[PDB]
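*Asks:* Below you'll find the structure I mean.
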Amino acid sequence: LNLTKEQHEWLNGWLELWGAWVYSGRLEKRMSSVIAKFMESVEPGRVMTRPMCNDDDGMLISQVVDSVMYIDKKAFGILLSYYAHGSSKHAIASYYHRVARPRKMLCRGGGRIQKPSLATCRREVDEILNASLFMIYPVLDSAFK
DNA sequence: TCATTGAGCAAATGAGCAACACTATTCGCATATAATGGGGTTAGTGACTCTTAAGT
């Protein structure tokens with residue numbers, strides 16, 4: 001399943017506020033290590049094109065996201081690539097198509113070990129994004145309420 | 001009762017379109033002292049034929 005429409009836009013807006021918060025570099029580096037090794041591949045003098053949230057609410061959003069997404073680094077990397085840096089979904093899917101190993105395909109390759117197409121790459125990064133938001137949402141209500 | 005044939009079906013993947021937004025290319029236009037007629041061959045062909053033209 002997935003979320004409803006109002007919950008999707010609410011979580012999307014809160015995550016881009018949180019992404020504009022971490023994009024300045026105001027996250028303390030001892031708190032987590034995956035954002036620490038994500039934010040080292042970007043210049044320190046970044047520009048601010050998005051509205052930025054305040055300190056402790058962004059601290060609350062950062063602590064809940066690395067408490068629920070501390071088991072995997074790939075889906076968390078997609079999340080920081082879409083929301084923190086601000087890259088679009090199509091660029092993420094194009095780079096994942098240009099990198100990923102040959103996989104077994106069903107109902108179109110007949111089991112042939114081949115590279116994934118761009119359409120299934122867009123579909124799997126959309127599924128990864130929707131699954132990460134479904135892991136974010138009820139634990140975020142548990143942190144808020 | 002079960003293997004075999006006849007028919008179909010949800011799902012995953014590959015292809016692609018439609019409208020829109022940003023951006024790297026490309027083209028039209030403007031330079032206000034005065035500026036005012038060009039290079040570059042082929043040079044020890046031979047023989048024959050067809051047409052044009054001055055000469056008789």
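Lettering and numbering for the structure tokens are positional, with chains as A, B, ... in the shown order, residues counted from 1 in each chain, and ligands counted from 1 in the shown order.
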For a quick test of understanding: name the residues of chain B lying within 7 Å of chain A when counting only C-alpha atoms (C1' of nucleotides), and present them as a PyMOL selection string.

*Replies:* chain B and resi 12-14

*Asks:* Could you write out the selected residues, including N, CA and C atoms (P, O5', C5', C4', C3', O3' and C1' of nucleotides), as a PDB file, in the first residue's frame?

*Replies:*
```
ATOM      1  P    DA B  12       4.711  -7.184  -9.967  1.00  0.00           P
ATOM      2  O5'  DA B  12       6.071  -7.163 -10.808  1.00  0.00           O
ATOM      3  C5'  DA B  12       6.698  -8.389 -11.158  1.00  0.00           C
ATOM      4  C4'  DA B  12       7.561  -8.238 -12.403  1.00  0.00           C
ATOM      5  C3'  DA B  12       8.351  -6.931 -12.503  1.00  0.00           C
ATOM      6  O3'  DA B  12       9.665  -7.208 -12.960  1.00  0.00           O
ATOM      7  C1'  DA B  12       7.004  -7.206 -14.431  1.00  0.00           C
ATOM      8  P    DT B  13      10.836  -6.114 -12.837  1.00  0.00           P
ATOM      9  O5'  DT B  13      11.190  -5.775 -14.359  1.00  0.00           O
ATOM     10  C5'  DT B  13      11.513  -6.830 -15.249  1.00  0.00           C
ATOM     11  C4'  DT B  13      11.282  -6.423 -16.695  1.00  0.00           C
ATOM     12  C3'  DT B  13      11.958  -5.119 -17.139  1.00  0.00           C
ATOM     13  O3'  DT B  13      12.519  -5.310 -18.429  1.00  0.00           O
ATOM     14  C1'  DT B  13       9.711  -5.062 -17.713  1.00  0.00           C
ATOM     15  P    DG B  14      14.003  -4.806 -18.777  1.00  0.00           P
ATOM     16  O5'  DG B  14      13.804  -4.050 -20.169  1.00  0.00           O
ATOM     17  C5'  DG B  14      13.437  -4.797 -21.312  1.00  0.00           C
ATOM     18  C4'  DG B  14      12.558  -3.983 -22.244  1.00  0.00           C
ATOM     19  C3'  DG B  14      13.110  -2.604 -22.614  1.00  0.00           C
ATOM     20  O3'  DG B  14      13.344  -2.553 -24.014  1.00  0.00           O
ATOM     21  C1'  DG B  14      10.782  -2.513 -22.071  1.00  0.00           C
TER      22       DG B  14
END
```

*Asks:* List the neighbours of residue A:23 out to 8 Å using only C-alpha atoms (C1' of nucleotides); skip same-chain residues closer than 5 positions along the sequence, and give me the result as an MDAnalysis selection string.

*Replies:* chainID A and resid 46 84:85

*Asks:* Give me the residues within 9 Å of stretch 7-13 of chain A as a list in words, counting only C-alpha atoms (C1' of nucleotides) and dropping any in the same chain fewer than 4 places off.

*Replies:*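 Contacts, with the query itself left out: residues 3, 17, 18, 83, 133, 136 and 137 of chain A.
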
*Asks:* So that I have them on file, write out the residues from the current selection with N, CA, C and O atoms, as a short mmCIF file (atom, residue, chain, number, x, y, z; two decimals), in the first residue's frame.

*Replies:*
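Once written, out.cif looks like this:
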```cif
data_model
loop_
_atom_site.label_atom_id
_atom_site.label_comp_id
_atom_site.auth_asym_id
_atom_site.auth_seq_id
_atom_site.Cartn_x
_atom_site.Cartn_y
_atom_site.Cartn_z
N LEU A 3 0.52 5.91 0.98
CA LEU A 3 -0.13 6.92 1.80
C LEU A 3 -1.28 7.57 1.03
O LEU A 3 -1.53 7.28 -0.15
N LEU A 17 11.90 20.81 3.87
CA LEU A 17 12.37 21.72 4.91
C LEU A 17 13.57 21.12 5.64
O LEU A 17 14.54 21.83 5.93
N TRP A 18 13.49 19.83 5.96
CA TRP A 18 14.61 19.14 6.60
C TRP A 18 15.80 19.03 5.67
O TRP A 18 16.95 19.11 6.12
N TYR A 83 16.17 14.90 -1.38
CA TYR A 83 15.67 15.95 -0.50
C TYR A 83 16.75 16.87 0.04
O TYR A 83 16.52 18.08 0.13
N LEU A 133 9.21 6.56 2.57
CA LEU A 133 8.21 7.43 3.17
C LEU A 133 7.23 6.65 4.04
O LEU A 133 6.77 7.17 5.06
N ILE A 136 8.99 6.17 7.14
CA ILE A 136 9.15 7.43 7.87
C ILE A 136 7.87 7.78 8.63
O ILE A 136 7.94 8.15 9.81
N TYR A 137 6.71 7.61 7.99
CA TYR A 137 5.47 8.27 8.42
C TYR A 137 4.98 7.90 9.83
O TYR A 137 4.88 8.82 10.66
#
```

*Asks:* From chain A, collect each residue whose DSSP state is alpha helix (DSSP H) and return the set as a PyMOL selection string.

*Replies:* chain A and resi 5-23+34-38+55-68+74-79+89-97+118-144

*Asks:* For stretch 70-82 of chain A, work out the shell of residues within 12 Å, counting only C-alpha atoms (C1' of nucleotides) and skipping chain neighbours fewer than 5 positions away, then give it as a VMD selection string.

*Replies:* chain A and resid 12 15 to 16 18 to 23 32 to 39 41 to 42 62 to 65 87 to 93 95 to 96 124 to 133 135 to 136

*Asks:* Check chain A with DSSP on the backbone and list each residue it calls strand (DSSP E), as number ranges by chain.

*Replies:* A: 103-104, 113-114

*Asks:* Based on the selection just made, write N, CA, C and O atoms of those residues as an mmCIF file, in the first residue's frame.

*Replies:*
```
data_model
loop_
_atom_site.group_PDB
_atom_site.id
_atom_site.type_symbol
_atom_site.label_atom_id
_atom_site.label_comp_id
_atom_site.auth_asym_id
_atom_site.auth_seq_id
_atom_site.Cartn_x
_atom_site.Cartn_y
_atom_site.Cartn_z
ATOM 1 N N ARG A 103 20.975 -7.941 -13.739
ATOM 2 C CA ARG A 103 20.073 -8.625 -12.829
ATOM 3 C C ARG A 103 19.193 -9.593 -13.611
ATOM 4 O O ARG A 103 19.064 -9.496 -14.834
ATOM 5 N N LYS A 104 18.584 -10.531 -12.893
ATOM 6 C CA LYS A 104 17.628 -11.440 -13.504
ATOM 7 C C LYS A 104 16.296 -10.724 -13.683
ATOM 8 O O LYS A 104 15.785 -10.101 -12.746
ATOM 9 N N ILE A 113 20.090 -12.784 -17.833
ATOM 10 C CA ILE A 113 20.883 -11.854 -17.035
ATOM 11 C C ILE A 113 21.238 -10.668 -17.929
ATOM 12 O O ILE A 113 22.092 -10.780 -18.813
ATOM 13 N N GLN A 114 20.575 -9.536 -17.712
ATOM 14 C CA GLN A 114 20.771 -8.355 -18.537
ATOM 15 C C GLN A 114 20.680 -7.108 -17.671
ATOM 16 O O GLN A 114 20.295 -7.162 -16.500
#
```
